[PDB]
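S.K.: Sharing a structure below in structure tokens format, with a few things to ask.
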Amino acid sequence: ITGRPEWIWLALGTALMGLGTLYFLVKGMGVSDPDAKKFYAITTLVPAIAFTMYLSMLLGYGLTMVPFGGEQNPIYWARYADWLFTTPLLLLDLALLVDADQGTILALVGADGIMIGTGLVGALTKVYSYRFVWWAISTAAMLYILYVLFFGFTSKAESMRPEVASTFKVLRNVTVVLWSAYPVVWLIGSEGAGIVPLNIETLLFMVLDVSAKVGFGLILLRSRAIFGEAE
Amino acid sequence: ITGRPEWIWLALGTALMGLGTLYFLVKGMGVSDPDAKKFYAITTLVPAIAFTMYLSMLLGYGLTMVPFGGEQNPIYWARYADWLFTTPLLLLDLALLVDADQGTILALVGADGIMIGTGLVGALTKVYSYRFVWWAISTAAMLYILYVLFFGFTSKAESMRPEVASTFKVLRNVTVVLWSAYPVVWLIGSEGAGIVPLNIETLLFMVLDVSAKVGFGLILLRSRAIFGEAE
Amino acid sequence: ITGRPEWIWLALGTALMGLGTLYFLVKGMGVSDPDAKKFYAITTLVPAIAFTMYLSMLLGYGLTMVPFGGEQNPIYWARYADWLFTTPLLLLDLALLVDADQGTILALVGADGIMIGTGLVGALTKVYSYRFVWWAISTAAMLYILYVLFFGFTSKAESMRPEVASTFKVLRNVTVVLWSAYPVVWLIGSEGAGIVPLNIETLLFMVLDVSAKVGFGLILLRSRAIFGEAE
Ligand SMILES: CC(C)CCC[C@@H](C)CCC[C@@H](C)CCC[C@@H](C)CCOC[C@@H](CO)OCC[C@H](C)CCC[C@H](C)CCC[C@H](C)CCCC(C)C
Ligand SMILES: CC(C)CCC[C@@H](C)CCC[C@@H](C)CCC[C@@H](C)CCOC[C@@H](CO)OCC[C@H](C)CCC[C@H](C)CCC[C@H](C)CCCC(C)C
Ligand SMILES: CC(C)CCC[C@@H](C)CCC[C@@H](C)CCC[C@@H](C)CCOC[C@@H](CO)OCC[C@H](C)CCC[C@H](C)CCC[C@H](C)CCCC(C)C
Ligand SMILES: *C/C=C(C)/C=C/C=C(C)/C=C/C1=C(C)CCCC1(C)C
Ligand SMILES: *C/C=C(C)/C=C/C=C(C)/C=C/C1=C(C)CCCC1(C)C
Ligand SMILES: *C/C=C(C)/C=C/C=C(C)/C=C/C1=C(C)CCCC1(C)C
Ligand SMILES: CCCCCCCCCCCCCCC
Ligand SMILES: CCCCCCCCCCCCCCC
Ligand SMILES: CCCCCCCCCCCCCCC
Ligand SMILES: CCCCCCCCCCCCCC
Ligand SMILES: CCCCCCCCCCCCCC
Ligand SMILES: CCCCCCCCCCCCCC
Ligand SMILES: CCCCCCCCCCCCC
Ligand SMILES: CCCCCCCCCCCCC
Ligand SMILES: CCCCCCCCCCCCC
Ligand SMILES: CCCCCCCCCCC
Ligand SMILES: CCCCCCCCCCC
Ligand SMILES: CCCCCCCCCCC
Ligand SMILES: CCCCCCCCCCC
Ligand SMILES: CCCCCCCCCC
Ligand SMILES: CCCCCCCCCC
Ligand SMILES: CCCCCCCCCC
Ligand SMILES: CCCCCCCCC
Ligand SMILES: CCCCCCCCC
Ligand SMILES: CCCCCCCCC
Ligand SMILES: CCCCCCCC
Ligand SMILES: CCCCCCCC
Ligand SMILES: CCCCCCCC
Ligand SMILES: CCCCCCCC
Ligand SMILES: CCCCCCCC
Ligand SMILES: CCCCCCCC
Ligand SMILES: CCCCCCCC
Ligand SMILES: CCCCCCCC
Ligand SMILES: CCCCCCCC
């Protein structure tokens, strides 16, 4: 395990996701409100899935070698397995907060699936120049998602409770900033142009992942917006 | 890319799915009705997914070699990845049109999953005679789906709005004819008996795919059946 | 096929799932009640999926070799493909019976996904001692599911119809006993410590699978709890 310099960040990531999972699990024990239960379920599952995939990367299972540029390049494929399930759960948290219509939710989840799926294909593609074609398609799917979060959701939040409108606005802003960093790190890291070494890349993704999951969850689950308006 | 004679049909397929995706995306921009949004979301996602998988076939990612009959046989596995997601979306379009009950929808999607999954296993099976066992099981799942579309849905459409009944009937008929061709092409093509060469097989699937997705979508999204009855 | 001593149990399993599938399919033909249709759909799909995966194991497709302990160890990976889809369907049968809230259903299905997914990783892991780390995480996800079935569902059933409360209690008890055997068989069988040989392991899983699917389904589909209260 320690044979890879990036192991320290995989281990820290595993620990922080594990701790985040346990914290949300305990916190949600005292919850009976049916609406709050939905948000706790979604939000606890996110770091639990990430915990398993960080562990698989730490132990070496979630790593494969991909030939491109005349080299055997270490590619952590387990990231995409994580993201396939956790990024639509994160979007679902946002969509339920603002009572999004079903068509909009399906558009978001579908675009998200395309985003992660094409990122996976790009990560595993052996023809170097083609990796960036997949990156571009994935990034276009991301831009669609960000567009919807701003010009379909923000003006939906404003007709809702003030506490859900303010909580949505904060989580929207956190999401757009954090999620936009992922394609940049991929592009300059070992999957793309290879300018930033894998150990630093792994650190960067770990900070983004913990912030986008445990950070996000801490903000959401401390808000009164997750509860039905009750006396 | 041009090293494979079937590349021209993969390229045309990619282009037509891409163009179809953009057309539906633009067309649905001016839509606020919650019901119509569902149909636009579902129907736009279908060629978008197909676009990505056609591209993966064009670039060579979605192709593998399978030993059977003492030969290395080129198998485009990306078709099944496409179909796994797009065929239940197509069925969902039909089921929502007639306000199908939840049990019926689950039966359809489940049978569809079995249909595509067993087709994939058959496509990748190395014992030649066993490929046709999987083809038979998949075809039985197809026949179940077609049965339900006729003797569970058609008489559901007739108690609904005339515009939804007439639109459903047309899309049902398009679906049954087009979908029934797929097992025949598989059986006589490079996956099955090998009587029709891969380049012609690829052409045939491209015509079926564009018709079943973009053709289907053009009929559906031009109907007033996708809108709630409103003043 | 007969080259593997466990083939007889794979063949019997295939037959019993096939027969169970046909029986439930015929039985549900005379059903119009929308609630009952849901239970028939879910419950018929379960042995149908299991039939396909038992067949893939019989024909040899669903088997791979995994190096650990200095040996090539036969691992039937198709079990996890089965279980990935059938165990959440089984939980859905239980959850719908007691009209579980959406948050609880998502927690169950999510924990179940983690349970099966980590079992799959453990089954395919090449470092022997690490296989048991994945077994432990999977078992913890199982224990969560069993906890919810007892201390979240049982007291939900009691405020419902007596026929649904009594049917739920029986199916809950069947589920907890049968499902708890699976991690034990894995641990002592060819995936784990290797004390029980593969042919006996295969027998054990076949008895558990038929009981947990066809047995379970026979109890559920003969109950009046699956019908809406109607005059
Ligand atoms: C509604 C939304 C969910 C829409 C989803 C959007 C989605 C369509 C976007 C594209 C997804 C698609 C790229 C998934 C591809 C998975 C694939 C990378 C798995 C690895 O297999 C690739 C090659 C080795 O590189 O296998 C070597 C050759 C092997 C023989 C491969 C044969 C097995 C195939 C992988 C079977 C395909 C199954 C499905 C792709 C399962 C989807 C997995 C998940 C990653 C989407
Ligand atoms: C409700 C509905 C959805 C019901 C669904 C119906 C469904 C049950 C029908 C059968 C689906 C099942 C056949 C999927 C099999 C996928 C498999 C072909 C992927 C390729 O792996 C096959 C061999 C190489 O040929 O791998 C070589 C050996 C490797 C070590 C394989 C180990 C990895 C396994 C593939 C893990 C299994 C994961 C699940 C099958 C994911 C499902 C993928 C999708 C195609 C259904
Ligand atoms: C809401 C709930 C559903 C939550 C779900 C919980 C879930 C997160 C729990 C963990 C699931 C995760 C372990 C699935 C891993 C599948 C993996 C074993 C498939 C086989 O690939 C493993 C190695 C060979 O051993 O591939 C060799 C290297 C290859 C290059 C691998 C590259 C292809 C990757 C497999 C692509 C990943 C796609 C997704 C994992 C699809 C999920 C399949 C299913 C088994 C969950
Ligand atoms: C918890 C993990 C999260 C929130 C991950 C988010 C990841 C993305 C938004 C990834 C986006 C990518 C692209 C837009 C193109 C390049 C490849 C990706 C997959 C890194
Ligand atoms: C957009 C793509 C569509 C509508 C594809 C439909 C495909 C089928 C109905 C495929 C059916 C098959 C069988 C019935 C058995 C042989 C294998 C298949 C998968 C080709
Ligand atoms: C129809 C099949 C059923 C009901 C299978 C149930 C399987 C399980 C509950 C498996 C549990 C496992 C663990 C808890 C850890 C070890 C690995 C598994 C996957 C066997
Ligand atoms: C969105 C953030 C992307 C920028 C990442 C900056 C990383 C700077 C680290 C120094 C680069 C290491 C190069 C020498 C090894
Ligand atoms: C459902 C349509 C299946 C029939 C396809 C007919 C294809 C005819 C093309 C000629 C066959 C090529 C054989 C000589 C290369
Ligand atoms: C939950 C049941 C697990 C116990 C399984 C008992 C199997 C006993 C069979 C005898 C073991 C075979 C060892 C000699 C080959
Ligand atoms: C490819 C995996 C996509 C599914 C991820 C799980 C999250 C799905 C959330 C469903 C949202 C509800 C839509 C109506
Ligand atoms: C194996 C992939 C199956 C899922 C495909 C996505 C479409 C699912 C549509 C869900 C229909 C709603 C059922 C209640
Ligand atoms: C990884 C596969 C998980 C999906 C299995 C299919 C069963 C899903 C049942 C959905 C229950 C409804 C939740 C709201
Ligand atoms: C186009 C929608 C406006 C809100 C999205 C902001 C786009 C940020 C760009 C992210 C950088 C990705 C490379
Ligand atoms: C049995 C249901 C009647 C409607 C379905 C028509 C079946 C068409 C056969 C398709 C050919 C597949 C090989
Ligand atoms: C902790 C919840 C109480 C009900 C679950 C009973 C646990 C049975 C243990 C199963 C054995 C697995 C190794
Ligand atoms: C070796 C790099 C070749 C450049 C490929 C860039 C493709 C980016 C596509 C953006 C439309
Ligand atoms: C080499 C071909 C052997 C014939 C197999 C046909 C099987 C079809 C099954 C239909 C019930
Ligand atoms: C070779 C076996 C080494 C023992 C591993 C047991 C790990 C079990 C983890 C339970 C917390
Ligand atoms: C990680 C295993 C958890 C089993 C005990 C249940 C914890 C309490 C959860 C309350 C919903
Ligand atoms: C509760 C702490 C969980 C941390 C387990 C994984 C950390 C890796 C240590 C090497
Ligand atoms: C908008 C046109 C999209 C076409 C891109 C793929 C066509 C392949 C050209 C070689
Ligand atoms: C209807 C009987 C189904 C049995 C088919 C599979 C049994 C395997 C026989 C070798
Ligand atoms: C993006 C950083 C999130 C910070 C989380 C802090 C949570 C405290 C309530
Ligand atoms: C099956 C062929 C479909 C033809 C689509 C034409 C759409 C015009 C409205
Ligand atoms: C766990 C054993 C189940 C027994 C099923 C018998 C069904 C008869 C109604
Ligand atoms: C990591 C366990 C958290 C302890 C409880 C925190 C207050 C709910
Ligand atoms: C008003 C919300 C500001 C949140 C910005 C957080 C940036 C990481
Ligand atoms: C809305 C601001 C987006 C900031 C992008 C930051 C990418 C590192
Ligand atoms: C391909 C872009 C379509 C242009 C608009 C067509 C009329 C909505
Ligand atoms: C009355 C509907 C006829 C549609 C037939 C289309 C055949 C491709
Ligand atoms: C309902 C008519 C079906 C026609 C099947 C055509 C197969 C090529
Ligand atoms: C296996 C076929 C079952 C025959 C009908 C049983 C009574 C519904
Ligand atoms: C009162 C229900 C008892 C069911 C026990 C079944 C054990 C297999
Ligand atoms: C509730 C009793 C569980 C029995 C476990 C049996 C495991 C073989």
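S.K.: So what does log10 I(q)/I(0) come out to for chain A at q = 0.08, 0.13, 0.17 Å⁻¹, using the Debye formula with one equal point on every Cα and no solvent?
M.R.: Debye intensities relative to I(0), on a log10 scale: -0.30, -0.78, -1.23.
S.K.: With no solvent and one equal point scatterer placed on each C-alpha of the range B:1-56, evaluate the Debye formula and give log10 I(q)/I(0) for q = 0.17, 0.18, 0.21, 0.22 Å⁻¹, two decimals.
M.R.: -0.57, -0.61, -0.73, -0.78
S.K.: First check a/c for the range C:53-96, with a ≥ b ≥ c the square roots of the eigenvalues of its C-alpha gyration tensor; if it is under 1.5, answer rounded, and if not, answer prolate when a/b is larger than b/c or oblate otherwise.
M.R.: Judged from the Cα gyration tensor, the range C:53-96 comes out oblate (a/c at least 1.5, b/c at or above a/b).
S.K.: Distances over 45 Å make up what percent of all Cα-Cα pairs in the protein assembly as shown?
M.R.: Everything past 45 Å amounts to 18 percent.
S.K.: Follow-up. Could you work out which residue, out of B:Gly30, B:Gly152, B:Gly119, moves most in a Gaussian network model of chain B, that is, has the largest mean-square fluctuation with Cα springs under 10 Å?
M.R.: B:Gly30
S.K.: So, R0 is 56 Å and r is the distance between the beta-carbons of B:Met65 and A:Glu231; what FRET efficiency does that work out to, to 0.05?
M.R.: Calculated transfer efficiency: 0.25.
S.K.: So how far, in whole Å, is the C-alpha centre of the range C:137-176 from the one of the range B:1-36?
M.R.: 47 Å
S.K.: How far, in nm to one decimal, is A:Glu71 from itself in the other copies if the label point is set 7 angstrom along Cα toward Cβ? Shortest first, please.
M.R.: 4.1, 4.1
S.K.: Further question on the same structure: Mind listing the phi-derived Karplus ³J(HN,Hα) values for the range C:122-137, rounded to whole Hz, using 6.51, -1.76 and 1.60 with θ = phi - 60°, and x for any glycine or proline?
M.R.: With coefficients 6.51, -1.76 and 1.60, one gets x, 5, 9, 6, 8, 8, 3, 5, 6, 4, 7, 5, 5, 4, 5, 5 Hz.
S.K.: Let me confirm one metric for peptide A:100-109, namely the mean number of other chain beta-carbon atoms within 10 Å of its residues' beta-carbons.
M.R.: For peptide A:100-109, the averaged partner shielding equals 5.
S.K.: Here's another thing I want to ask about it. Starting from the Cα of B:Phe150, step 7 Å along the direction of its Cβ; do the same at B:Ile8; then give the gap between the two resulting points in nm.
M.R.: For the pair B:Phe150/B:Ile8, the computed spacing is 3.7 nm.
S.K.: Using the 7 Å Cα-to-Cβ label point, sort the distances from A:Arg224 to its equivalents in the other copies shortest first and give them in nm to one decimal.
M.R.: Those label-point separations list as 4.8, 4.8 nm.
S.K.: When only Cα pairs under 8 Å and 6 or more residues apart are kept, what is the percent relative contact order across chain C?
M.R.: 23 percent
S.K.: I would also like to ask the following. For A:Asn73, list long-range residues whose amide hydrogen, built 1.01 Å from N in the peptide plane, is under 5 Å from its own amide hydrogen.
M.R.: A:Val66, A:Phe68
S.K.: Here's a follow-up. I'd like the GluC sites (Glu not before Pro) in the range A:122-208 restricted to DSSP loop residues with at most 16 other Cβ atoms within 10 Å, sorted by number.
M.R.: Those that pass, being in a loop and sparsely packed, are A:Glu158.
S.K.: Another one. Say a label goes 7 Å from Cα toward Cβ at C:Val177 in every copy; what distances in nm does this one have to the rest, shortest first?
M.R.: Result for C:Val177, in nm, nearest copy first: 5.7, 5.7.
S.K.: What are the semi-axes of the equivalent ellipsoid of the range A:116-219, taken as the square roots of 5 times the eigenvalues of the Cα gyration tensor, listed largest first and rounded to whole Å?
M.R.: One finds semi-axes of 31, 17, 8 Å for the range A:116-219.
S.K.: Kirkwood-based Rg over Rh for the range B:1-130 (C-alpha set), two decimals?
M.R.: With Rh from the inverse mean 1/r over Cα pairs, Rg/Rh is 1.06.
S.K.: Separation between the C:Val176 and C:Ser129 pseudo-spin-labels, each 7 Å from Cα along Cα→Cβ, expressed in nm?
M.R.: 3.6 nm
S.K.: Between Rg and the Kirkwood Rh of the range A:164-231, both from Cα atoms, what is the Rg to Rh ratio?
M.R.: Rounded to two decimals, Rg/Rh equals 1.17.
S.K.: Angle check, please: helix B:34-59 long axis (alpha carbons) against the longest principal axis of chain B (alpha carbons), in degrees 0 to 90, nearest 10.
M.R.: Helix B:34-59 sits roughly 10 degrees off the main axis of chain B.
S.K.: So, one more: Can you work out the FRET efficiency for the pair C:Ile200 and C:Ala15, with r the C-beta to C-beta distance and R0 = 25 Å, to the nearest 0.05?
M.R.: 0.80
S.K.: Please list log₁₀ I(q)/I(0) at q = 0.21 Å⁻¹ for the range C:56-168, using the Debye equation with identical point scatterers on the alpha-carbon positions.
M.R.: -1.07
S.K.: Let me ask you something else. Note down, for the range C:74-136, the three equivalent ellipsoid semi-axes (square root of 5 times each alpha carbon gyration tensor eigenvalue), biggest first, whole angstrom.
M.R.: Over the Cα atoms of the range C:74-136, the semi-axes work out to 28, 13, 6 Å.
S.K.: While we're here: How big is the gap, in Å, between the Cα center of the range A:53-70 and the Cα center of the range B:76-124?
M.R.: 32 Å
S.K.: Something else: Can you give the relative contact order of the range C:86-149 as a percent, counting alpha carbon pairs under 8 Å and 6+ residues apart?
M.R.: Reported relative contact order: 32 percent.
S.K.: Still on this model: Rounded to whole Hz and in sequence order, give me ³J(HN,Hα) for the range C:140-155 from the Karplus expression 6.51 cos²θ - 1.76 cosθ + 1.60, θ = phi - 60°, writing x for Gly and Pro.
M.R.: For the range C:140-155, the Karplus-derived couplings read 5, 5, 4, 5, 4, 4, 5, 4, 5, 5, 9, 10, x, 9, 4, 7 Hz, x marking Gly and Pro.
Here, each number is a calculation from the coordinates, and none is a lab measurement. Reconstructed Cβ throughout: ideal geometry from the backbone, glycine too, with neighbour counts over all protein chains shown.
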